[PDB]
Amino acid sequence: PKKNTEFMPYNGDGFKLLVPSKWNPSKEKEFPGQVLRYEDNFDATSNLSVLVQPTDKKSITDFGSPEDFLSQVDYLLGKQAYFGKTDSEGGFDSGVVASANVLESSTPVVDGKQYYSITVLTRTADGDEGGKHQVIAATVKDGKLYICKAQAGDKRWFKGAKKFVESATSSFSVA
């Protein structure tokens, strides 16, 4: 087995995923239950995290649909200091980010385990700050909620970051 110069398989406790080879580990504690964080040091809005949290649920489906799940983890999307209505008349219409557009979601079953994935375009209060593309994949096993969230800014997304964000999240697998 030779080294891939683009994607790096990473094995953690109970999970594995592909991490971009040119990204580096981050010691920033961003979210509850964080066990991994990697970032593009030359654009830190490109980053990924793996979180492992306790949950009362048995399956990701116990949260409801992918859209329901997103509403229950919307702290992943932004750090707004208040719960607020967005200006959408449907879809994501309220939470802790100023604006969120759900682009797509999916419910892949892999090795007999139900995963959710959801892709969301966000903005904050100052629209002098660029929009972000955030992809969240998640599953539940053994009393734990496993989350992989990867993201990149709009411009970086269309200059190759898409591949890395979507690959990281879609590769995320729990034993």
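So that there is no doubt, residue numbering starts at 1 and follows the sequence shown.
Chemist: On mean Cα temperature factor in this entry, is 117-125 or 134-142 the higher one?
Modeler: Result of the comparison: 117-125.
Chemist: Take the C-alpha B-factors listed in the entry for 34-42 and for 105-113, compute each mean, and give the stretch with the larger one.
Modeler: Averaging CA B-factors over each stretch, the winner is 105-113.
Chemist: Among the modelled residues of its chain, does the C-alpha B-factor of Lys163 lie in the lowest, middle or highest third?
Modeler: CA B-factor rank for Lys163: middle third.
Chemist: Thinking about Cα B factors across the chain, which third does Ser170 belong to?
Modeler: Answer is middle: the recorded C-alpha B-factor places it there.
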